[PDB]
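Asks: Contents of coords_30.cif (mmCIF, C-alpha atoms) are given next:
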data_upload
loop_
_atom_site.group_PDB
_atom_site.id
_atom_site.type_symbol
_atom_site.label_atom_id
_atom_site.label_comp_id
_atom_site.auth_asym_id
_atom_site.auth_seq_id
_atom_site.Cartn_x
_atom_site.Cartn_y
_atom_site.Cartn_z
ATOM 1 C CA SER V 1 134.844 74.355 29.085
ATOM 2 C CA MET V 2 133.425 71.841 26.610
ATOM 3 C CA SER V 3 134.062 68.312 27.932
ATOM 4 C CA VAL V 4 136.432 69.710 30.726
ATOM 5 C CA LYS V 5 134.746 69.782 34.178
ATOM 6 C CA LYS V 6 135.885 70.856 37.661
ATOM 7 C CA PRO V 7 135.259 68.173 40.345
ATOM 8 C CA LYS V 8 131.610 67.801 41.668
ATOM 9 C CA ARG V 9 130.989 69.705 45.065
ATOM 10 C CA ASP V 10 128.199 67.618 46.792
ATOM 11 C CA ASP V 11 125.006 69.750 46.786
ATOM 12 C CA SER V 12 122.525 67.010 47.708
ATOM 13 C CA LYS V 13 122.057 68.225 51.308
ATOM 14 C CA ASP V 14 121.824 71.957 50.406
ATOM 15 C CA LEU V 15 117.956 72.080 50.482
ATOM 16 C CA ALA V 16 117.753 70.531 53.946
ATOM 17 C CA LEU V 17 120.531 72.640 55.343
ATOM 18 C CA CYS V 18 119.022 75.961 53.964
ATOM 19 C CA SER V 19 115.657 74.827 55.558
ATOM 20 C CA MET V 20 117.434 74.358 58.970
ATOM 21 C CA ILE V 21 119.089 77.756 58.754
ATOM 22 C CA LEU V 22 115.789 79.420 57.791
ATOM 23 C CA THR V 23 114.093 77.673 60.850
ATOM 24 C CA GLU V 24 116.771 79.091 63.126
ATOM 25 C CA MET V 25 116.188 82.591 61.653
ATOM 26 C CA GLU V 26 112.347 82.201 61.979
ATOM 27 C CA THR V 27 112.663 81.318 65.694
ATOM 28 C CA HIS V 28 115.168 84.047 66.696
ATOM 29 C CA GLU V 29 113.624 86.616 69.083
ATOM 30 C CA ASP V 30 114.657 89.521 66.868
ATOM 31 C CA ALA V 31 113.023 88.039 63.726
ATOM 32 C CA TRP V 32 109.685 89.828 64.311
ATOM 33 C CA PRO V 33 110.186 92.698 61.796
ATOM 34 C CA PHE V 34 110.966 90.098 59.047
ATOM 35 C CA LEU V 35 108.389 87.282 59.473
ATOM 36 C CA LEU V 36 105.789 88.633 57.004
ATOM 37 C CA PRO V 37 105.706 91.018 54.039
ATOM 38 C CA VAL V 38 105.608 94.692 54.908
ATOM 39 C CA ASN V 39 102.025 95.918 54.460
ATOM 40 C CA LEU V 40 102.342 98.247 51.426
ATOM 41 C CA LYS V 41 98.939 99.808 52.080
ATOM 42 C CA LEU V 42 99.825 100.800 55.626
ATOM 43 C CA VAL V 43 103.502 101.792 55.550
ATOM 44 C CA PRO V 44 104.149 105.116 53.809
ATOM 45 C CA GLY V 45 107.109 105.236 51.492
ATOM 46 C CA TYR V 46 107.756 101.434 51.392
ATOM 47 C CA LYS V 47 106.287 100.677 48.066
ATOM 48 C CA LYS V 48 108.125 103.396 46.170
ATOM 49 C CA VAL V 49 111.431 103.210 47.931
ATOM 50 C CA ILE V 50 112.012 99.393 48.304
ATOM 51 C CA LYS V 51 112.101 98.001 44.775
ATOM 52 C CA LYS V 52 112.315 94.302 45.777
ATOM 53 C CA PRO V 53 110.513 93.569 49.062
ATOM 54 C CA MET V 54 111.509 90.277 50.750
ATOM 55 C CA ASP V 55 110.598 88.535 54.057
ATOM 56 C CA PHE V 56 111.107 85.160 55.743
ATOM 57 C CA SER V 57 107.588 83.799 54.887
ATOM 58 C CA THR V 58 108.214 84.533 51.200
ATOM 59 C CA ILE V 59 111.648 82.830 51.295
ATOM 60 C CA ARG V 60 110.068 79.797 53.071
ATOM 61 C CA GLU V 61 107.367 79.482 50.341
ATOM 62 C CA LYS V 62 110.026 79.837 47.573
ATOM 63 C CA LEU V 63 112.169 77.186 49.292
ATOM 64 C CA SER V 64 109.227 74.745 49.695
ATOM 65 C CA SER V 65 108.131 75.092 46.030
ATOM 66 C CA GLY V 66 111.493 74.703 44.129
ATOM 67 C CA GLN V 67 111.957 78.337 43.309
ATOM 68 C CA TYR V 68 115.653 78.504 44.371
ATOM 69 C CA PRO V 69 117.898 76.985 41.723
ATOM 70 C CA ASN V 70 120.873 76.799 44.069
ATOM 71 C CA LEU V 71 122.086 77.793 47.583
ATOM 72 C CA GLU V 72 123.484 81.191 46.349
ATOM 73 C CA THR V 73 120.049 82.431 45.102
ATOM 74 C CA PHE V 74 118.706 81.512 48.627
ATOM 75 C CA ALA V 75 121.504 83.566 50.326
ATOM 76 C CA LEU V 76 120.755 86.530 47.961
ATOM 77 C CA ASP V 77 117.079 86.675 49.168
ATOM 78 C CA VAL V 78 118.068 86.400 52.876
ATOM 79 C CA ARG V 79 120.609 89.320 52.410
ATOM 80 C CA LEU V 80 117.915 91.293 50.520
ATOM 81 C CA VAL V 81 115.793 91.209 53.713
ATOM 82 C CA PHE V 82 118.609 92.917 55.685
ATOM 83 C CA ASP V 83 119.602 95.277 52.892
ATOM 84 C CA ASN V 84 116.028 96.495 52.663
ATOM 85 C CA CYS V 85 115.932 96.932 56.438
ATOM 86 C CA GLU V 86 119.104 99.162 56.367
ATOM 87 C CA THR V 87 117.644 101.237 53.495
ATOM 88 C CA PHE V 88 114.439 102.055 55.367
ATOM 89 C CA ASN V 89 115.396 102.116 59.066
ATOM 90 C CA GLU V 90 117.847 104.116 61.161
ATOM 91 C CA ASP V 91 120.679 101.965 62.715
ATOM 92 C CA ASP V 92 119.620 103.310 66.187
ATOM 93 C CA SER V 93 115.963 102.102 66.016
ATOM 94 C CA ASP V 94 114.714 98.787 67.339
ATOM 95 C CA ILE V 95 114.096 97.473 63.757
ATOM 96 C CA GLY V 96 117.493 98.740 62.531
ATOM 97 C CA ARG V 97 119.265 96.937 65.436
ATOM 98 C CA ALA V 98 117.208 93.780 64.830
ATOM 99 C CA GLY V 99 118.332 93.706 61.198
ATOM 100 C CA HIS V 100 122.029 94.072 62.043
ATOM 101 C CA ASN V 101 121.715 91.296 64.698
ATOM 102 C CA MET V 102 119.933 88.953 62.275
ATOM 103 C CA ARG V 103 122.442 89.558 59.474
ATOM 104 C CA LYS V 104 125.308 88.677 61.851
ATOM 105 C CA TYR V 105 123.482 85.585 63.003
ATOM 106 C CA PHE V 106 122.793 84.430 59.442
ATOM 107 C CA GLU V 107 126.308 85.000 58.133
ATOM 108 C CA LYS V 108 127.836 82.891 60.934
ATOM 109 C CA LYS V 109 125.410 79.974 60.299
ATOM 110 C CA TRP V 110 126.192 80.328 56.533
ATOM 111 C CA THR V 111 129.985 80.131 57.033
ATOM 112 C CA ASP V 112 129.802 77.343 59.594
ATOM 113 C CA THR V 113 127.474 75.186 57.417
ATOM 114 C CA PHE V 114 128.915 75.668 53.888
ATOM 115 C CA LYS V 115 132.488 77.228 54.112
#
In structure tokens, what does this structure look like?

Replies:
Amino acid sequence: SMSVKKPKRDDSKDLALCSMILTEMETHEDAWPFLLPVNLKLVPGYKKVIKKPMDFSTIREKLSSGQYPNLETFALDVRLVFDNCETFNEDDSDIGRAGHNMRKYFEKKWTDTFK
């Protein structure tokens, strides 16, 4: 509260470490459904159903331009990618499997780096 602060957790490496994680996700073989924004002109249903589209290129631009205030807002956008994938794709489709694999991969890197 006012003039009473918890000890300072060192956040000075967070930007570099989120950039490394994002590089690992970009280069994974199962990243292909997630590299670019879904084409809203060509994919029926996507625009109306998925209220907040998100993809790795969009997260990389946000990250490079100071649009994440902290490491939690970065993790929220990465999870949004996989949450959108589960909403739109059956679990037993190639894209649905890719999204489960990538989520698992991310969450392990997240825990190992920051927790």

Asks: Which is closest to residue 88 (chain V) among V:36, V:21, V:2, V:43, if we use all atoms listed in the file?

Replies: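 Under the stated criterion, the closest residue is V:43.
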
Asks: Set the distance at 7 Å and use only C-alpha atoms: which residues neighbour residue 54 (chain V) once local chain neighbours fewer than 4 positions away are removed? I'd like the list as a list in words.

Replies: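 What passes the distance filter is residues 37, 58, 77, 80 and 81 of chain V.
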
Asks: For the structure provided, state which residues fall under the PyMOL selection byres ((chain V and resi 99) around 9), and present them as a VMD selection string.

Replies: chain V and resid 30 to 31 33 to 34 81 to 83 85 to 86 91 94 to 98 100 to 104

Asks: Find the residues near residue 71 (chain V): any atom within 12 Å, counting all atoms listed in the file, skip ones fewer than 3 places away on the same chain, and give them as a short mmCIF file (atom, residue, chain, number, x, y, z; two decimals) with C-alpha atoms, in the frame of the given file.

Replies:
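Below you can see part_22.cif, which holds the result:
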data_model
loop_
_atom_site.label_atom_id
_atom_site.label_comp_id
_atom_site.auth_asym_id
_atom_site.auth_seq_id
_atom_site.Cartn_x
_atom_site.Cartn_y
_atom_site.Cartn_z
CA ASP V 10 128.20 67.62 46.79
CA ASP V 11 125.01 69.75 46.79
CA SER V 12 122.52 67.01 47.71
CA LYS V 13 122.06 68.22 51.31
CA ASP V 14 121.82 71.96 50.41
CA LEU V 15 117.96 72.08 50.48
CA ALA V 16 117.75 70.53 53.95
CA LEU V 17 120.53 72.64 55.34
CA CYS V 18 119.02 75.96 53.96
CA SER V 19 115.66 74.83 55.56
CA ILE V 21 119.09 77.76 58.75
CA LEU V 63 112.17 77.19 49.29
CA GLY V 66 111.49 74.70 44.13
CA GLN V 67 111.96 78.34 43.31
CA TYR V 68 115.65 78.50 44.37
CA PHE V 74 118.71 81.51 48.63
CA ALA V 75 121.50 83.57 50.33
CA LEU V 76 120.76 86.53 47.96
CA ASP V 77 117.08 86.68 49.17
CA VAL V 78 118.07 86.40 52.88
CA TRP V 110 126.19 80.33 56.53
CA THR V 113 127.47 75.19 57.42
CA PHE V 114 128.92 75.67 53.89
#

Asks: Quote the spacing between CA of residue 35 (chain V) and CA of residue 59 (chain V) in Å to one decimal place.

Replies: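 Between CA of residue 35 (chain V) and CA of residue 59 (chain V) the gap works out to 9.9 Å.
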